[PDB]
Amino acid sequence: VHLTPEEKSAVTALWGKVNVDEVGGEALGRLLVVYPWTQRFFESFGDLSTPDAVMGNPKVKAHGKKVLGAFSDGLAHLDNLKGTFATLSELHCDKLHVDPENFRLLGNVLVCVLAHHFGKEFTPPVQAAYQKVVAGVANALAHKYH
Amino acid sequence: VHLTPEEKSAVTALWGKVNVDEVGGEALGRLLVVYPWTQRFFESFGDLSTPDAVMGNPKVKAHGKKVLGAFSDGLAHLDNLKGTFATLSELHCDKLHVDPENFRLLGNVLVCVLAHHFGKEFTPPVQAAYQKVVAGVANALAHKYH
Amino acid sequence: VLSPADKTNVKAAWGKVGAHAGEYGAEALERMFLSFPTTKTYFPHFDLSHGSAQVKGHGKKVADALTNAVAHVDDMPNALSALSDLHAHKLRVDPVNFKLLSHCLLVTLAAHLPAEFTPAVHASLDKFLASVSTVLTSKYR
Amino acid sequence: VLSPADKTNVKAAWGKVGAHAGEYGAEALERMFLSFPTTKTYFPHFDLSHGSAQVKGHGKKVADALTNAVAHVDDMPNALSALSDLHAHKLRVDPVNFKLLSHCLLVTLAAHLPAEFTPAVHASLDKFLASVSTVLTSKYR
Ligand code: HEM
Ligand code: HEM
Ligand code: HEM
Ligand code: HEM
């Protein structure tokens, strides 16, 4: 991913305000609600029967933390997403066989969650920079398919 | 793309029966009929207003021949598709901005045309081998997006 | 969204299928499992071998459901409500898989009915299968 | 296919746009053109700069079309038939672009309507926009 120094600064600044404990769970939870077939990958996670059960599910919140940490690892090394995500790509592609369109969906749900949290601060240029990041992360996750 | 020796033999035997003057045009023509937004990329080709107009269009047939030639070339370089198709990838991605889902559609329309022409010869194992090939070609064309 | 002409093409084509509906359904499933092995994960307990009586039995069910859908092409959500609950709510099938089966159905039809599989009919059938797929992947109760 | 609950959610949520129709529609277009620059190819002679009156004007049209879709949500192909002919027949817009605009509309609504944009309403709005997109990319005359 090629971000201008201005774009990188904008993304980094915003991310520093993102709640490490909650935003990942909000994004993962919304993925499960908005695109229900994704629940098939999370059988062991317990109760996903209703939007409220999903968003309050402890395992969804916990797992979401990890997911966010991986996005955070991406932001720390934008020039080597493929390397950073190699193990996760093997997991999601070779082992789990997640269709790669779903990687794009989660990235876009995260973007919606950022917009929801930050309101007018999530300007079109800030969004454009984040879209480059989540496209890069999705591509890196899908690398074993390519 | 790795084919078993059985798969390679089967792919080669079927391809030898392909009419190289017609099949590319049939595949391209059916792409323009079945997925009509793809016509936007071929505005200069003239009359594309009806299925009969598309299928009988000389420029569709001629162009189709080139496309088929690219598939034919790929069959001889299955272990180096990303290299072989690099120039075409730059053309379709960087210059024309074709969304890569359309590469998958054309590959699958080609498979339908082979099924149409060869019926009982196009067995499910033969189809499976060809799906590997057209997936490989589509992936190589999309490489500039990855 | 299907045109009036699309609906006519679909009914005419599926009519020509007739008594072979079940055989074609079984062949489409076999083509899917072989060409796209990840689809087998939805049938973990199935005998998926070539000539499987279980796949044959399932192919007939799939074909009969399509025949029902063709019969109710103007009212598919109501006609397929039970099937939608099964695929969207219970089995949670990823929508990509419906694209794969739809393709394998078209391939099957092309191989068996080449005269019938004109560009216009190809187009109408693709739209119809996409429409069925959307209904089966929607939760609308 | 939209559930009864989906239609309820969409009517309630979109109903809050009101006089901000032009504003939100324009913001959604601006987000799309900036985030996904290939979409600009469909507007070769537009002023697409930030704060463009032409984009503001177009945003109002899109928003008003969405208001139309909501008021005819059970019968959208007939209500949007003119817009389908424009986008599918005349402009031949690639279906991927509707996913891009739909995403940017959702981002815009999330940024402006925090209380309304719950997970359930988010899910309903996504389905709604996908349904509108299908109509606008279909040829069904
Ligand atoms: C697109 C961005 C994504 C990122 C950054 C991401 C990141 C992660 C991480 C960090 C883990 C934990 C890995 C470990 O502990 O070894 C994980 C596990 C997992 N992911 Fe994702 N993921 C993404 C998309 C998806 C999607 C879209 C799905 C399904 C629709 C999915 C399904 C799973 C499953 C099933 C697991 C294992 C859960 C378990 O332990 O039972 N992932 N992912
Ligand atoms: C998926 C496999 C595809 C293959 C193997 C392929 C192959 C080719 C080849 C060999 C050329 C000629 C390049 C040259 O003359 O330098 C070409 C040009 C072109 N391709 Fe494709 N293509 C594919 C998919 C597509 C798709 C899906 C579209 C969507 C519209 C597309 C749009 C075009 C256009 C517009 C041109 C230039 C035509 C002109 O000269 O006016 N291609 N392609
Ligand atoms: C045109 C598309 C489809 C049609 C018409 C269709 C129709 C059917 C029918 C009629 C049944 C039998 C239901 C019953 O008798 O209780 C069934 C079951 C099932 N379908 Fe589909 N289906 C379609 C697509 C798919 C796809 C794409 C997948 C997965 C890749 C899938 C996975 C399943 C599974 C797992 C079952 C249950 C099998 C069992 O365990 O007994 N379906 N479907
Ligand atoms: C929810 C999705 C959409 C809605 C509701 C919508 C609605 C509209 C409306 C109301 C108009 C004006 C029609 C008139 O003047 O009679 C229009 C025009 C147009 N739309 Fe959209 N549209 C959508 C998606 C898109 C997308 C995704 C694109 C391309 C990326 C697009 C490209 C265009 C173009 C090029 C025009 C004509 C502009 C001109 O030259 O005047 N539309 N649309």
Side-chain angles (χ1 to χ4, degrees), chain A residues 28 31-32 35 37-45 59 63 66-71 73-74 85 87-88 91-92 95-96 98-107 110 134 137-138 140-142, chain B residues 28 31-32 35 37-45 59 63 66-71 73-74 85 87-88 91-92 95-96 98-107 110 134 137-138 141-142, chain C residues 25 28-29 32 36 38-46 54 58 61-66 68-69 80 82-83 86-87 90-91 93-102 105 129 132-133 136-137:
Chain A
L28 182 55
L31 179 84
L32 296 176
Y35 312 102
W37 60 89
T38 61
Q39 292 174 23
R40 189 180 170 270
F41 293 94
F42 297 95
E43 291 314 351
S44 60
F45 275 44
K59 289 182 176 180
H63 202 64
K66 300 182 197 175
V67 176
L68 199 73
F71 277 98
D73 291 336
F85 285 93
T87 299
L88 283 180
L91 169 64
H92 285 78
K95 175 151 320 274
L96 295 172
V98 181
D99 184 79
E101 174 64 6
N102 296 302
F103 303 150
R104 193 184 68 85
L105 293 183
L106 180 53
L110 174 62
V134 296
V137 168
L141 254 204
Chain B
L28 182 59
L31 178 81
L32 302 172
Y35 310 105
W37 62 86
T38 58
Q39 297 177 19
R40 185 175 180 269
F41 292 95
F42 302 93
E43 292 169 0
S44 71
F45 275 27
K59 285 182 183 173
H63 201 257
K66 292 182 200 170
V67 180
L68 195 67
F71 274 100
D73 291 346
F85 279 83
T87 295
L88 284 176
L91 168 65
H92 286 80
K95 293 180 184 175
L96 296 173
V98 182
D99 183 81
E101 171 66 10
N102 295 303
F103 306 146
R104 191 187 70 84
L105 295 183
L106 178 55
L110 173 62
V134 298
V137 168
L141 266 178
Chain C
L29 291 176
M32 183 187 66
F36 312 104
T38 57
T39 58
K40 296 193 299 184
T41 68
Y42 290 92
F43 303 79
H45 313 308
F46 264 52
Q54 193 171 12
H58 209 72
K61 288 182 208 168
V62 170
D64 293 352
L66 289 177
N68 188 40
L80 298 179
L83 266 183
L86 176 61
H87 288 84
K90 192 160 161 334
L91 300 170
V93 181
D94 187 309
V96 70
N97 295 287
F98 286 82
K99 292 178 176 181
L100 305 178
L101 183 55
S102 293
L105 281 162
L129 291 175
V132 170
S133 296
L136 295 187
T137 51

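Here is the naming used below: chain letters follow the sequence lines, and residue numbers restart at 1 for every chain. Just follow the structure's listing: the first ligand is 1, and inside any ligand the first atom is 1.
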* List in chain and number order the residues that pass ring-ring contact (aromatic ring centres under 6.0 Å, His included) with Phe46(C), two or more places apart in sequence or in another chain; answer none if no residue qualifies. => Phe43(C), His58(C)

* To do: Could you pull out all residues at least two apart from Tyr35(B) that satisfy ring-ring contact (aromatic ring centres under 6.0 Å, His included)?
  => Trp37(B)

* For ligand 1, is there an atom lying under 4.0 Å from some heavy atom of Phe45(A)? -> yes

* Atoms named by residue and atom, protein N, O or S, within reach of atom 21 (Fe) of ligand 1 (under 2.8 Å) -> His92(A) NE2

* Backbone of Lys59(B) reached by a side-chain donor or acceptor of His63(B) within 3.5 Å -> no

* Between the side chain of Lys99(C) and the main-chain N/O of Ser133(C), is any donor-acceptor distance below 3.5 Å? -> no

Which value, rounded to the nearest 0.5 Å, describes the distance between [X] atom [atom1] and [Y] atom [atom2]?
{"X": "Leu31(B)", "Y": "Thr38(B)", "atom1": "CG", "atom2": "OG1", "value": "4.0 Å"}
{"X": "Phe98(C)", "Y": "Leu101(C)", "atom1": "CZ", "atom2": "CG", "value": "8.0 Å"}
{"X": "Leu91(B)", "Y": "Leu96(B)", "atom1": "CG", "atom2": "CG", "value": "4.5 Å"}
{"X": "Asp64(C)", "Y": "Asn68(C)", "atom1": "CG", "atom2": "CG", "value": "9.0 Å"}
{"X": "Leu80(C)", "Y": "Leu136(C)", "atom1": "CG", "atom2": "CG", "value": "5.5 Å"}

* Taking only heavy atoms of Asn102(B) into account, list the atoms of ligand 2 that are under 4.0 Å away from them. => 27 (C)

* Could you list which atoms of ligand 2 come closer than 4.0 Å to a heavy atom of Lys66(B)? => 10 (C)

* Structure fact -> Note: ligand 1 atoms sitting under 4.0 Å from heavy atoms of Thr38(A) are 30 (C)

Please give the N or O to N or O pairs under 3.5 Å between ligand 3 and the protein, distances rounded to 0.1 Å.
| unit_1 | atom_1 | unit_2 | atom_2 | d |
| --- | --- | --- | --- | --- |
| ligand 3 | 20 (N) | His87(C) | NE2 | 2.9 |
| ligand 3 | 22 (N) | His87(C) | NE2 | 2.8 |
| ligand 3 | 42 (N) | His87(C) | NE2 | 2.9 |
| ligand 3 | 43 (N) | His87(C) | NE2 | 2.8 |

